[PDB]
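Novice: Next comes the structure file data36.cif, holding mmCIF, C-alpha atoms and all ligand atoms; chains and numbers go by the auth columns.
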data_upload
loop_
_atom_site.group_PDB
_atom_site.id
_atom_site.type_symbol
_atom_site.label_atom_id
_atom_site.label_comp_id
_atom_site.label_asym_id
_atom_site.label_seq_id
_atom_site.Cartn_x
_atom_site.Cartn_y
_atom_site.Cartn_z
_atom_site.B_iso_or_equiv
_atom_site.auth_seq_id
_atom_site.auth_asym_id
ATOM 1 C CA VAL A 1 -3.139 10.323 16.797 0.00 1 J
ATOM 2 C CA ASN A 2 -2.984 10.034 12.938 0.00 2 J
ATOM 3 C CA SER A 3 -5.299 8.794 10.074 0.00 3 J
ATOM 4 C CA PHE A 4 -3.486 5.475 9.319 0.00 4 J
ATOM 5 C CA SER A 5 -5.837 2.470 9.867 0.00 5 J
ATOM 6 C CA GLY A 6 -5.483 -1.352 9.960 0.00 6 J
ATOM 7 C CA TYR A 7 -1.685 -1.470 10.533 0.00 7 J
ATOM 8 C CA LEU A 8 0.084 -4.091 12.646 0.00 8 J
ATOM 9 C CA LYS A 9 2.573 -2.454 15.076 0.00 9 J
ATOM 10 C CA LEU A 10 6.063 -4.007 14.738 0.00 10 J
ATOM 11 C CA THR A 11 8.012 -1.621 17.015 0.00 11 J
ATOM 12 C CA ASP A 12 7.677 1.698 18.852 0.00 12 J
ATOM 13 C CA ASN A 13 7.840 3.510 15.460 0.00 13 J
ATOM 14 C CA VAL A 14 7.304 0.992 12.607 0.00 14 J
ATOM 15 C CA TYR A 15 3.887 -0.205 11.405 0.00 15 J
ATOM 16 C CA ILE A 16 3.011 -2.545 8.482 0.00 16 J
ATOM 17 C CA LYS A 17 -0.099 -3.313 6.377 0.00 17 J
ATOM 18 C CA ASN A 18 -0.986 -5.413 3.266 0.00 18 J
ATOM 19 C CA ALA A 19 -1.996 -2.535 1.000 0.00 19 J
ATOM 20 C CA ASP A 20 -1.477 -0.939 -2.409 0.00 20 J
ATOM 21 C CA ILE A 21 0.525 2.215 -1.561 0.00 21 J
ATOM 22 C CA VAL A 22 -1.329 4.098 -4.333 0.00 22 J
ATOM 23 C CA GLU A 23 -4.780 3.322 -2.789 0.00 23 J
ATOM 24 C CA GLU A 24 -3.410 4.004 0.704 0.00 24 J
ATOM 25 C CA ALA A 25 -2.012 7.412 -0.334 0.00 25 J
ATOM 26 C CA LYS A 26 -5.293 8.340 -2.083 0.00 26 J
ATOM 27 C CA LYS A 27 -7.253 7.510 1.140 0.00 27 J
ATOM 28 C CA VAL A 28 -4.900 9.039 3.799 0.00 28 J
ATOM 29 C CA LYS A 29 -3.303 11.976 1.865 0.00 29 J
ATOM 30 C CA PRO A 30 -0.245 11.654 4.109 0.00 30 J
ATOM 31 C CA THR A 31 2.205 14.550 4.544 0.00 31 J
ATOM 32 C CA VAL A 32 4.902 12.299 2.939 0.00 32 J
ATOM 33 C CA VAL A 33 4.644 9.312 0.586 0.00 33 J
ATOM 34 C CA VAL A 34 7.963 7.628 -0.251 0.00 34 J
ATOM 35 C CA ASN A 35 8.695 6.609 -3.846 0.00 35 J
ATOM 36 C CA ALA A 36 11.025 3.712 -4.726 0.00 36 J
ATOM 37 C CA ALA A 37 12.954 5.905 -7.129 0.00 37 J
ATOM 38 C CA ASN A 38 16.011 5.402 -9.338 0.00 38 J
ATOM 39 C CA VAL A 39 18.769 8.019 -9.747 0.00 39 J
ATOM 40 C CA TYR A 40 17.224 9.317 -13.024 0.00 40 J
ATOM 41 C CA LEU A 41 13.710 9.611 -11.509 0.00 41 J
ATOM 42 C CA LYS A 42 12.448 7.511 -14.435 0.00 42 J
ATOM 43 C CA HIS A 43 9.205 6.156 -12.962 0.00 43 J
ATOM 44 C CA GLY A 44 8.655 3.196 -15.312 0.00 44 J
ATOM 45 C CA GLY A 45 7.589 0.286 -13.152 0.00 45 J
ATOM 46 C CA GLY A 46 7.224 -1.108 -9.687 0.00 46 J
ATOM 47 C CA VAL A 47 6.062 1.313 -7.016 0.00 47 J
ATOM 48 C CA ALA A 48 7.378 4.310 -9.006 0.00 48 J
ATOM 49 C CA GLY A 49 5.477 3.406 -12.167 0.00 49 J
ATOM 50 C CA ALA A 50 2.284 2.918 -10.137 0.00 50 J
ATOM 51 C CA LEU A 51 2.624 6.206 -8.203 0.00 51 J
ATOM 52 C CA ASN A 52 3.430 8.110 -11.386 0.00 52 J
ATOM 53 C CA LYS A 53 0.449 6.561 -13.268 0.00 53 J
ATOM 54 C CA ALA A 54 -1.853 7.646 -10.386 0.00 54 J
ATOM 55 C CA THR A 55 -0.625 11.279 -10.915 0.00 55 J
ATOM 56 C CA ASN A 56 -1.506 11.114 -14.644 0.00 56 J
ATOM 57 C CA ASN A 57 2.278 11.464 -15.402 0.00 57 J
ATOM 58 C CA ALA A 58 2.565 14.792 -13.499 0.00 58 J
ATOM 59 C CA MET A 59 5.179 13.163 -11.202 0.00 59 J
ATOM 60 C CA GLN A 60 7.315 12.300 -14.287 0.00 60 J
ATOM 61 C CA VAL A 61 6.979 15.819 -15.758 0.00 61 J
ATOM 62 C CA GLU A 62 8.094 17.388 -12.452 0.00 62 J
ATOM 63 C CA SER A 63 10.902 14.819 -12.114 0.00 63 J
ATOM 64 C CA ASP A 64 12.259 15.501 -15.594 0.00 64 J
ATOM 65 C CA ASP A 65 12.535 19.222 -14.773 0.00 65 J
ATOM 66 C CA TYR A 66 14.301 18.314 -11.440 0.00 66 J
ATOM 67 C CA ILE A 67 16.889 16.148 -13.263 0.00 67 J
ATOM 68 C CA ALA A 68 17.423 18.730 -16.029 0.00 68 J
ATOM 69 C CA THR A 69 18.318 21.275 -13.289 0.00 69 J
ATOM 70 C CA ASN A 70 20.150 19.127 -10.699 0.00 70 J
ATOM 71 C CA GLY A 71 21.396 15.972 -12.432 0.00 71 J
ATOM 72 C CA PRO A 72 20.865 12.461 -11.089 0.00 72 J
ATOM 73 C CA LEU A 73 20.458 11.503 -7.438 0.00 73 J
ATOM 74 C CA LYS A 74 23.001 9.287 -5.623 0.00 74 J
ATOM 75 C CA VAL A 75 22.209 5.657 -4.804 0.00 75 J
ATOM 76 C CA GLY A 76 21.219 5.966 -1.121 0.00 76 J
ATOM 77 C CA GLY A 77 20.043 9.561 -1.654 0.00 77 J
ATOM 78 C CA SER A 78 16.713 11.332 -1.982 0.00 78 J
ATOM 79 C CA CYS A 79 14.866 14.481 -2.991 0.00 79 J
ATOM 80 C CA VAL A 80 11.584 16.029 -1.876 0.00 80 J
ATOM 81 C CA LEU A 81 9.110 16.870 -4.680 0.00 81 J
ATOM 82 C CA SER A 82 5.377 17.384 -4.868 0.00 82 J
ATOM 83 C CA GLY A 83 2.978 14.654 -3.733 0.00 83 J
ATOM 84 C CA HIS A 84 0.528 15.726 -6.444 0.00 84 J
ATOM 85 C CA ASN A 85 -2.901 14.151 -5.783 0.00 85 J
ATOM 86 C CA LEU A 86 -1.429 11.493 -3.469 0.00 86 J
ATOM 87 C CA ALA A 87 0.251 13.355 -0.573 0.00 87 J
ATOM 88 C CA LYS A 88 1.580 16.799 0.337 0.00 88 J
ATOM 89 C CA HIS A 89 5.130 15.726 -0.575 0.00 89 J
ATOM 90 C CA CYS A 90 6.815 12.759 -2.267 0.00 90 J
ATOM 91 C CA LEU A 91 10.175 11.735 -0.864 0.00 91 J
ATOM 92 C CA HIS A 92 11.933 10.028 -3.802 0.00 92 J
ATOM 93 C CA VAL A 93 14.446 7.617 -2.207 0.00 93 J
ATOM 94 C CA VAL A 94 16.983 5.552 -4.182 0.00 94 J
ATOM 95 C CA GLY A 95 17.661 2.185 -2.650 0.00 95 J
ATOM 96 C CA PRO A 96 20.344 -0.010 -4.255 0.00 96 J
ATOM 97 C CA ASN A 97 19.121 -2.093 -7.194 0.00 97 J
ATOM 98 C CA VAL A 98 20.581 -5.619 -6.839 0.00 98 J
ATOM 99 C CA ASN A 99 19.606 -6.308 -10.547 0.00 99 J
ATOM 100 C CA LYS A 100 22.153 -3.473 -11.435 0.00 100 J
ATOM 101 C CA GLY A 101 24.851 -4.796 -8.986 0.00 101 J
ATOM 102 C CA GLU A 102 24.644 -1.911 -6.389 0.00 102 J
ATOM 103 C CA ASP A 103 26.077 -2.261 -2.828 0.00 103 J
ATOM 104 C CA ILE A 104 23.308 -3.555 -0.466 0.00 104 J
ATOM 105 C CA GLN A 105 25.129 -1.641 2.386 0.00 105 J
ATOM 106 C CA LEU A 106 23.645 1.471 0.705 0.00 106 J
ATOM 107 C CA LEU A 107 20.183 0.332 1.886 0.00 107 J
ATOM 108 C CA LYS A 108 20.886 1.737 5.392 0.00 108 J
ATOM 109 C CA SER A 109 21.887 5.118 3.866 0.00 109 J
ATOM 110 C CA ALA A 110 18.636 5.063 1.818 0.00 110 J
ATOM 111 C CA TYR A 111 16.486 4.516 4.942 0.00 111 J
ATOM 112 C CA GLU A 112 18.333 7.308 6.829 0.00 112 J
ATOM 113 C CA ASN A 113 16.509 9.782 4.543 0.00 113 J
ATOM 114 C CA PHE A 114 13.256 8.839 6.309 0.00 114 J
ATOM 115 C CA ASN A 115 14.581 10.327 9.594 0.00 115 J
ATOM 116 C CA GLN A 116 14.178 13.861 8.125 0.00 116 J
ATOM 117 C CA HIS A 117 10.349 13.403 8.220 0.00 117 J
ATOM 118 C CA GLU A 118 8.249 12.867 11.359 0.00 118 J
ATOM 119 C CA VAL A 119 5.693 10.532 9.675 0.00 119 J
ATOM 120 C CA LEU A 120 5.844 8.702 6.299 0.00 120 J
ATOM 121 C CA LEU A 121 3.844 6.231 4.196 0.00 121 J
ATOM 122 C CA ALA A 122 6.485 4.037 2.467 0.00 122 J
ATOM 123 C CA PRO A 123 7.258 0.823 0.604 0.00 123 J
ATOM 124 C CA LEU A 124 10.089 -1.494 1.585 0.00 124 J
ATOM 125 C CA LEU A 125 13.197 -0.037 -0.089 0.00 125 J
ATOM 126 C CA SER A 126 15.055 -2.166 -2.608 0.00 126 J
ATOM 127 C CA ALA A 127 12.219 -4.786 -2.579 0.00 127 J
ATOM 128 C CA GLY A 128 10.214 -5.883 -5.623 0.00 128 J
ATOM 129 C CA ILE A 129 11.958 -5.208 -8.947 0.00 129 J
ATOM 130 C CA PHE A 130 15.006 -3.727 -7.097 0.00 130 J
ATOM 131 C CA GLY A 131 15.962 -7.333 -6.280 0.00 131 J
ATOM 132 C CA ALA A 132 16.772 -7.243 -2.526 0.00 132 J
ATOM 133 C CA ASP A 133 15.374 -9.663 0.086 0.00 133 J
ATOM 134 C CA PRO A 134 12.311 -7.871 1.587 0.00 134 J
ATOM 135 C CA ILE A 135 12.942 -9.570 4.983 0.00 135 J
ATOM 136 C CA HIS A 136 16.353 -7.875 5.020 0.00 136 J
ATOM 137 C CA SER A 137 14.817 -4.556 3.929 0.00 137 J
ATOM 138 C CA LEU A 138 12.341 -4.660 6.850 0.00 138 J
ATOM 139 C CA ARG A 139 15.187 -5.422 9.326 0.00 139 J
ATOM 140 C CA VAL A 140 17.248 -2.444 8.036 0.00 140 J
ATOM 141 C CA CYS A 141 14.142 -0.241 8.207 0.00 141 J
ATOM 142 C CA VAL A 142 13.465 -1.145 11.861 0.00 142 J
ATOM 143 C CA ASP A 143 17.128 -0.728 12.816 0.00 143 J
ATOM 144 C CA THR A 144 17.594 2.617 10.942 0.00 144 J
ATOM 145 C CA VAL A 145 14.356 4.650 10.904 0.00 145 J
ATOM 146 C CA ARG A 146 13.523 6.421 14.177 0.00 146 J
ATOM 147 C CA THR A 147 10.560 8.468 12.855 0.00 147 J
ATOM 148 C CA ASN A 148 7.104 6.977 12.423 0.00 148 J
ATOM 149 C CA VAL A 149 6.874 4.849 9.290 0.00 149 J
ATOM 150 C CA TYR A 150 3.764 3.146 7.899 0.00 150 J
ATOM 151 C CA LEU A 151 4.881 0.399 5.481 0.00 151 J
ATOM 152 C CA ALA A 152 2.545 -0.733 2.667 0.00 152 J
ATOM 153 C CA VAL A 153 3.282 -4.217 1.304 0.00 153 J
ATOM 154 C CA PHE A 154 1.378 -4.973 -1.945 0.00 154 J
ATOM 155 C CA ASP A 155 1.797 -8.759 -1.984 0.00 155 J
ATOM 156 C CA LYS A 156 -0.401 -10.565 0.641 0.00 156 J
ATOM 157 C CA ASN A 157 1.835 -13.633 0.577 0.00 157 J
ATOM 158 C CA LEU A 158 4.947 -11.509 1.280 0.00 158 J
ATOM 159 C CA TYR A 159 3.119 -9.477 3.966 0.00 159 J
ATOM 160 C CA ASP A 160 2.281 -12.696 5.868 0.00 160 J
ATOM 161 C CA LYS A 161 5.889 -13.932 5.545 0.00 161 J
ATOM 162 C CA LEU A 162 7.301 -10.551 6.781 0.00 162 J
ATOM 163 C CA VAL A 163 5.040 -10.610 9.869 0.00 163 J
ATOM 164 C CA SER A 164 5.490 -14.316 10.690 0.00 164 J
ATOM 165 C CA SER A 165 9.353 -14.097 10.385 0.00 165 J
ATOM 166 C CA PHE A 166 9.760 -10.726 12.221 0.00 166 J
ATOM 167 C CA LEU A 167 12.108 -10.828 15.211 0.00 167 J
HETATM 168 N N1 LIG B . 2.946 -1.314 -1.279 0.00 201 I
HETATM 169 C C1 LIG B . 3.217 -1.473 -2.680 0.00 201 I
HETATM 170 N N2 LIG B . 2.239 -1.154 -3.514 0.00 201 I
HETATM 171 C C2 LIG B . 2.430 -1.290 -4.851 0.00 201 I
HETATM 172 N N3 LIG B . 1.467 -0.961 -5.739 0.00 201 I
HETATM 173 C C3 LIG B . 1.686 -1.094 -7.038 0.00 201 I
HETATM 174 O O1 LIG B . 0.822 -0.812 -7.794 0.00 201 I
HETATM 175 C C4 LIG B . 2.911 -1.573 -7.498 0.00 201 I
HETATM 176 N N4 LIG B . 3.858 -1.876 -6.634 0.00 201 I
HETATM 177 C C5 LIG B . 3.638 -1.747 -5.291 0.00 201 I
HETATM 178 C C6 LIG B . 4.657 -2.084 -4.347 0.00 201 I
HETATM 179 O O2 LIG B . 5.714 -2.509 -4.687 0.00 201 I
HETATM 180 N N5 LIG B . 4.403 -1.934 -3.064 0.00 201 I
#
What would you get if you wrote out this structure as structure tokens?
Specialist:
Amino acid sequence: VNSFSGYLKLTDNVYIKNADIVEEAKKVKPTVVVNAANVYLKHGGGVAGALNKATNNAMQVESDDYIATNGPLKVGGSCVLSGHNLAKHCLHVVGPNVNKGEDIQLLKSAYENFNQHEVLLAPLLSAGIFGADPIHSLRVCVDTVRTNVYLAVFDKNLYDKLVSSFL
């Protein structure tokens, strides 16, 4: 048993809810929250900007030190950093950004990072301002992630479309 509440079960391991991932993280304090990161860990907008704002910019300060030491992530890659006030850990995962012309085939590689963690609170990778079709992102998630993933979908309209179109 875990602390996640109000989710619809899609598969053996994937669950979904209409929720603001920031408010969900604050309530649950999951072991792992996933950030929709870019390779520079510049948390300006979308999910990343919202998570970072909720940490009072401490996520950005930590991220800047990580990049100064290690250089940028790969598209499809990830790093584990602090979860600050939101979670034990934040898994920063870089899905391809369609609005930058990145290969959508990298979305599967991005979701493979989730398999290193038994349970995660996550957004749909490459959705929102990353430009991919969220229906596609949910299909890749279900067909790639084998660990237990709790998906938070901010937009109620999109949530209802994801559920009602799910195969
Ligand atoms: N689940 C989810 N929650 C959010 N909350 C925000 O404040 C901004 N963006 C998102 C998002 O893209 N997904």
Novice: Collect all residues with atoms no farther than 10 Å from ligand LIG 201 (chain I), counting all atoms listed in the file, and output them as number ranges by chain.
Specialist: J: 16-24, 35-36, 45-54, 121-130, 151-155, 159
Novice: Counting all atoms listed in the file, which of J:131, J:9, J:26, J:87 gets nearest to residue 166 (chain J)?
Specialist: J:9
Novice: Using all atoms listed in the file, which residue out of J:113, J:137, J:56, J:97 lies closest to residue 80 (chain J)?
Specialist: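 Looking only at the distances to residue 80 (chain J), the closest residue turns out to be J:113.
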Novice: Kindly indicate which residue among J:135, J:90, J:58, J:32 lies nearest to residue 118 (chain J), using only C-alpha atoms for the distances.
Specialist: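 For residue 118 (chain J), the nearest of the given residues is J:32.
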Novice: Measuring between only C-alpha atoms, which one of J:116, J:164, J:13, J:60 shows the shortest distance to residue 37 (chain J)?
Specialist: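 Smallest distance to residue 37 (chain J) is found for J:60.
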Novice: I'd like the contact shell of residue 75 (chain J) - 7 Å cut-off, only C-alpha atoms, skipping same-chain residues fewer than 5 positions apart - returned as a ChimeraX atom specification.
Specialist: /J:39,94-96
Novice: Write the residues you've just listed into a file as a PDB file, in the frame of the given file, and include C-alpha atoms for each of them.
Specialist:
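After the write, part.pdb holds the following:
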ATOM      1  CA  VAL J  39      18.769   8.019  -9.747  1.00  0.00           C
ATOM      2  CA  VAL J  94      16.983   5.552  -4.182  1.00  0.00           C
ATOM      3  CA  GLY J  95      17.661   2.185  -2.650  1.00  0.00           C
ATOM      4  CA  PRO J  96      20.344  -0.010  -4.255  1.00  0.00           C
TER       5      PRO J  96
END
Novice: What is the distance between CA of residue 55 (chain J) and CA of residue 84 (chain J), in Å to one decimal?
Specialist: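 Going from CA of residue 55 (chain J) over to CA of residue 84 (chain J), I get 6.4 Å.
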Novice: Find the spatial neighbours of residue 67 (chain J), counting only C-alpha atoms, within a cut-off of 8 Å - ignore same-chain residues fewer than 5 positions away - and output them as a list in words.
Specialist: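 The residues satisfying every condition are residues 40, 41 and 72 of chain J.
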Novice: Quick one: which residues end up in the PyMOL selection byres (((chain J and resi 143-145) around 9) and not hetatm) for this structure, as a PyMOL selection string?
Specialist: chain J and resi 13-14+108-109+111-115+138-142+146-149
Novice: For the file shown, what are the residues hit by the PyMOL selection byres (((chain J and resi 4) around 10) and not hetatm), laid out as a PyMOL selection string?
Specialist: chain J and resi 1-3+5-7+15+17+24-25+27-30+121+150
Novice: Mind pulling up the distance from CA of residue 92 (chain J) to CA of residue 77 (chain J)?
Specialist: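 Interatomic distance, CA of residue 77 (chain J) to CA of residue 92 (chain J): 8.4 Å.
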Novice: Point out the residue among J:132, J:119, J:162, J:81 with the least atom-to-atom distance to residue 65 (chain J), counting all atoms listed in the file.
Specialist: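 Selected residue with least distance to residue 65 (chain J): J:81.
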Novice: Do you have the CA of residue 79 (chain J)-CA of residue 100 (chain J) distance handy?
Specialist: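 Answer for the CA of residue 79 (chain J) to CA of residue 100 (chain J) separation: 21.1 Å.
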